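**Student:** Below you'll find the sequence and an experimental structure to go with it.
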There are 4 protein chains.
Amino acid sequence: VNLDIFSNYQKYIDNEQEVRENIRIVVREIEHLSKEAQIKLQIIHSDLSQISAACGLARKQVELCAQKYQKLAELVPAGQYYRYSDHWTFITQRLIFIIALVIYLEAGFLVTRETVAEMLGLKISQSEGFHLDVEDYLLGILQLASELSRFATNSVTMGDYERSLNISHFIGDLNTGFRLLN
Amino acid sequence: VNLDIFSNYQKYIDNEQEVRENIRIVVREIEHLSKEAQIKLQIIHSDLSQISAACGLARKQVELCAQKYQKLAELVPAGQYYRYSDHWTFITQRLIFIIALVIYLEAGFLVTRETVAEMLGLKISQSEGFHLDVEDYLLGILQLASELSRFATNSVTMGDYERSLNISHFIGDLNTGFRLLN
Amino acid sequence: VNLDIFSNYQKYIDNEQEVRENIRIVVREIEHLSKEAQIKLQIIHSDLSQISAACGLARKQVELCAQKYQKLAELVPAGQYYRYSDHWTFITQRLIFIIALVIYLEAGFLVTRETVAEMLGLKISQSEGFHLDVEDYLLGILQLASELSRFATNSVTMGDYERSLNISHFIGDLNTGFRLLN
Amino acid sequence: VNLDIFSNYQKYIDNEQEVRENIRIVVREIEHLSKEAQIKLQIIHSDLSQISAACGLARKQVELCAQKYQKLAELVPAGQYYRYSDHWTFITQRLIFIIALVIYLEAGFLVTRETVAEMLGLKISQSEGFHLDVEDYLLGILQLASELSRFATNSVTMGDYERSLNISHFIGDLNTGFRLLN
């Protein structure tokens, strides 16, 4: 029954505290930066002309927090990504989403994971460094379908019927895409 | 410490297990008749010509479980509707949904709470008898707007571009309706 | 699609926000008077001589919020007790607990539901008026058995071996009481 | 919009399925084995003489599933413990608990993490192999306090007062132990 065995877990528990503390800080920047991209991209729902303006704005915020993922990547020790990966999972997914929509609005195709990683400045695999997880990518893409679902509908409201129709096609391919999996 | 205020609670906790249980049996059937109505309504996504036949069979279930909500209404005592409502909330919502989908397919307008009641054999207000809550109505409709979002897409996949565009107008208007609520 | 069944629901959803909100204000105070009663009852763990003084101050809060359950009872309409009970369940349970701890410290026997009512200014049964549910009583007691488990230990830490042994007899009997329930 | 990008995630999603599948199988053995240790150790609450019999029984089950953790440890790839660590976290914690109680019943002191690891045949650190996590250890020990809380009380019921008193002392040291942390 030694307090001695609780004594030297005073230093571990204390240091883990402070690791999780800094991870939480950098992660909360990226949240804030992201959020302002996400808010601007909202305008597509009401002013159609604004797309180019919002995509350039989004694009710039992404690059602003590709830098933060650099700082984050060095606070994560060794091979212990999935110990803390909880703290940046949601954020990463919203970003995948943002990029995917930006690239759809620009060129009308689905961004590959590789590119999302490249734009964010992260790796394609576990091995060579702080990476971008397939499940995250897939879940971000999944948000996309739901967002364009809304956009297909506001396009009819803003009487751009032809566009609304295309959106629908694309969402169709995402759904077939997903059923390949289930 | 008296082992008797405990003896006179096991006779209550027993009695309650029975009420709660009989409530469960009835719902489990409503649970079952609706799932079959909803499973048939599935087809509208793949073979547009089945709409009529599907709407027939849905409308037949709905009334076959307006009857079950009968037996259910005579198992809830006094004014304890809300003490057990947890047991049939989600079930009711899905029905509102089915009915609402059904009338939409048929006449292309949004059902009123007032009718979903009539069709089910429930009262509009608490007073009168077993009733249909305004909150459960709106989440029923919230669900429809999501299911229509899907159909509007699959409509593009089956090449009924004209129809897809209509569903969107409607979804469009439902959103205006919800916005007016916060 | 009618934007008016939506206009006549915002007047309901408003009215409900108000009921729900005023229910919240009253509880938040009961929430506050109890936490202070419970925060004082803390001392029994560290300085056994304070028991009397603590029990005094607890018994003073309890009655100071038998009054608040007054104002609360005139905000719940009709027989919608269970529609809102979610707002005061956890609060009530902690009170039952405090009172039950209080009478135990004083006379060393288990209070009956019947008294916790009287002390609070609630009725035994649904009929009569705003009431004290049998389930909330038992979880109140379940809590006491956990809090006594602690005290029984701290009693060993302050060297009142005789007392520690008594608390255990009591906890012992409460378990027999609960076992008789499943 | 390529199905081609969903096509080659057919093989990853498929392989991860099957990894998680086998991890889930070995993990479910250890659950079953554990459980029967946990069930036998229950007798301490009623027949005091049985301790030696239960501790030997527990001890044998532990060694039986130190072997399974061997099989599990090779199904976990590379440095990806914390990817799957969710599947065996609870199980590990119950085991720490079991060992800790077995060693308390035998010799009356608190098992160090090192020993629990040694008995289970796992490592003390991240680095040199499949390991036993400090937080798990700590949470298992935490179960212990709650279990002995019950045991302190049944000892009074079986009129072994002197023992009940010791238990309480020990629980006291666990609590002081924990507050060093909070």
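**Tutor:** The structure has been received and is ready for your questions. Numbering: from 1, shown residues only, chains lettered A, B, ... in the order given.
**Student:** wait, doesn't residue A:108 sit right on residue A:163?
**Tutor:** No. Using CB atoms under 8 Å as the test, residue A:108 is too far from residue A:163 to be in contact (10.2 Å). Backbone N, C-alpha and C define where each C-beta goes, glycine included.
**Student:** Contact residues of chain A facing chain D?
**Tutor:** By the rule CB under 8 Å from any CB of the partner chain, the part of chain A lying against chain D is A:1-3, A:5-7, A:9-10, A:12-13, A:78-83, A:85, A:108-110, A:112-113, A:126, A:134, A:138, A:169-170, A:173-174, A:176-178, A:180-181.
**Student:** And those, which of them are buried?
**Tutor:** By neighbour count, with 16 or more other CB atoms under 10 Å in any protein chain shown, the residues of chain A next to chain D hold A:1, A:5-6, A:9, A:13, A:79, A:81-83, A:85, A:110, A:112-113, A:126, A:138, A:170, A:173-174, A:177 as buried.
**Student:** In strands only, show me these.
**Tutor:** Using DSSP state E, no member of those falls in strands.
**Student:** The residue nearest to residue A:83 when sequence neighbours are not counted: what's it in contact with?
**Tutor:** Ranked by CB to CB, 6 or more residues apart in numbering or on different chains and with sequence neighbours excluded, the top spatial neighbour of residue A:83 is residue D:82, at 4.5 Å. Contacts for residue D:82 (CB atoms under 8 Å, 6 or more residues apart in numbering or on different chains) come out as A:80-83, A:85.
**Student:** Name the helix or strand for residue A:28, please.
**Tutor:** Assigned by DSSP states H and E, residue A:28 belongs to helix A:10-40.
**Student:** Now do that helix: distance to the chain's middle.
**Tutor:** In terms of CA atoms, centre = their mean, to the nearest Å, the centre of helix A:10-40 is found 15 Å from the chain centre.
**Student:** Show me which residues of it are buried.
**Tutor:** Residues of helix A:10-40 classed as buried by neighbour count (16+ other CB under 10 Å): A:13, A:23, A:26-27, A:29-30, A:33-34, A:37-38, A:40.
**Student:** Following the chain past that helix, name the next helix or strand.
**Tutor:** helix A:51-66.
**Student:** how about the helix or strand following that next one: buried residues?
**Tutor:** Downstream of helix A:51-66, the next assigned helix or strand under DSSP H and E is helix A:68-75. Using 16+ other CB under 10 Å as the test for burial, helix A:68-75 gives A:68-69, A:72-73, A:75.
**Student:** domains of chain A?
**Tutor:** As given by curated CATH domains, the domain ranges for chain A are A:1-129, A:130-182.
**Student:** Mind checking those domains for the one nearest to residue C:61?
**Tutor:** Nearest of the domains of chain A to residue C:61, taken as CB to CB: domain A:1-129 at 35.8 Å.
**Student:** Would you mind listing what in chain A touches chain B?
**Tutor:** Counting by CB under 8 Å from any CB, the residues of chain A close to chain B are A:149, A:152-154, A:156-157, A:161, A:164-165, A:168-169, A:171-172, A:175.
**Student:** out of those residues, which are inside helices?
**Tutor:** The helices, defined by DSSP state H, take in A:149, A:152-154, A:156-157, A:161, A:164-165, A:168-169, A:171-172, A:175 from the residues of chain A next to chain B.
**Student:** Can you name the residues of chain A sitting close to chain C?
**Tutor:** By the rule CB under 8 Å from any CB, no part of chain A lies against chain C.
**Student:** how about the closest residue to residue A:152 other than its chain neighbours, what does it touch?
**Tutor:** Leaving aside its sequence neighbours, residue A:152 sits nearest to residue A:167 (CB to CB, 6+ apart; 4.0 Å). Neighbouring residues of residue A:167 by CB under 8 Å, 6+ apart: A:148, A:151-152, A:155.
**Student:** Need phi/psi at whichever residue of chain A sits closest to chain D.
**Tutor:** Of all residues in chain A, residue A:79 sits closest to chain D, at 3.1 Å by CB to the nearest CB. Note on residue A:79: its backbone torsions stand at phi -110, psi 70 [degrees, to the nearest 10].
**Student:** ok so, going back, any idea how far the residue nearest to residue A:83 is from residue A:85?
**Tutor:** 8 Å (CB to CB, to the nearest Å).
**Student:** Then residue A:156?
**Tutor:** Taking CB to CB, one finds residue A:156 at 40 Å from residue A:85.
**Student:** now swap in residue A:127 and tell me
**Tutor:** As judged by CB to CB, residue A:127 and residue A:85 stand 16 Å apart.
**Student:** just residue A:75 next, same as before
**Tutor:** Distance, residue A:75 to residue A:85, using CB to CB: 13 Å.
**Student:** Equivalent analysis for residue A:147, please.
**Tutor:** For residue A:147 relative to residue A:85 (CB to CB), the value is 24 Å.
**Student:** With residue A:114 instead?
**Tutor:** 20 Å.
**Student:** Over to residue A:92?
**Tutor:** Relative to residue A:85, residue A:92 is positioned 9 Å away (criterion: CB to CB).
**Student:** And the residue nearest the centre of chain A?
**Tutor:** By CA atoms, centre = their mean, chain A has its centre lying nearest to residue A:95, at 2.3 Å.
**Student:** Next up, the contacts around the spatially closest residue to that one that is not a sequence neighbour.
**Tutor:** Excluding its sequence neighbours, the residue lying closest to residue A:95 (CB to CB, 6+ apart) is residue A:34, at 6.0 Å. When contacts are counted by CB under 8 Å, 6+ apart, residue A:34 touches A:61, A:65, A:91, A:94-95, A:98.
**Student:** does residue A:143 really touch residue A:94, like I thought?
**Tutor:** Yes. Residue A:143 is in contact with residue A:94 according to CB under 8 Å; the separation is 7.2 Å.
**Student:** Same drill for these two, tell me which one is more crowded.
**Tutor:** Set residue A:143 next to residue A:94 and count neighbours by other CB atoms under 10 Å in any protein chain shown: residue A:94 wins out with 19 against 16.
**Student:** Confirm that one sits in a helix?
**Tutor:** Yes. Assessed with DSSP: H, G, I helix; E, B strand; the rest coil, residue A:94 lies in a helix.
**Student:** quick one, what contacts it?
**Tutor:** Going by CB under 8 Å, 6+ apart, residue A:94 touches A:34, A:38, A:140, A:143.
**Student:** returning to that earlier point: the residue nearest to the centre of chain A against residue A:137, yeah?
**Tutor:** No. In this structure, residue A:95 is not within contact of residue A:137 by CB under 8 Å, at 10.3 Å.
**Student:** and for these two, which residues touch both?
**Tutor:** Shared contacts of residue A:95 and residue A:137 (CB under 8 Å, 6+ apart): residue A:116.
**Student:** Could you check how far the nearest residue to residue A:50 once chain neighbours are set aside is from residue A:57?
**Tutor:** Spatial nearest neighbour of residue A:50, excluding adjacent residues (CB to CB, 6+ apart): residue A:43 at 4.6 Å. Distance, residue A:43 to residue A:57, using CB to CB: 9 Å.
**Student:** what about these two, which has more around it?
**Tutor:** For residue A:43 versus residue A:57, neighbours defined as other CB under 10 Å are more numerous around residue A:57 (18 against 15).
**Student:** what's near enough to touch the residue lying closest to residue A:155 once chain neighbours are set aside?
**Tutor:** Once flanking residues are discounted, residue A:155 sits nearest to residue A:164: 3.7 Å by CB to CB, 6+ apart. Going by CB under 8 Å, 6+ apart, residue A:164 touches A:152-153, A:155-156, B:165, B:168.
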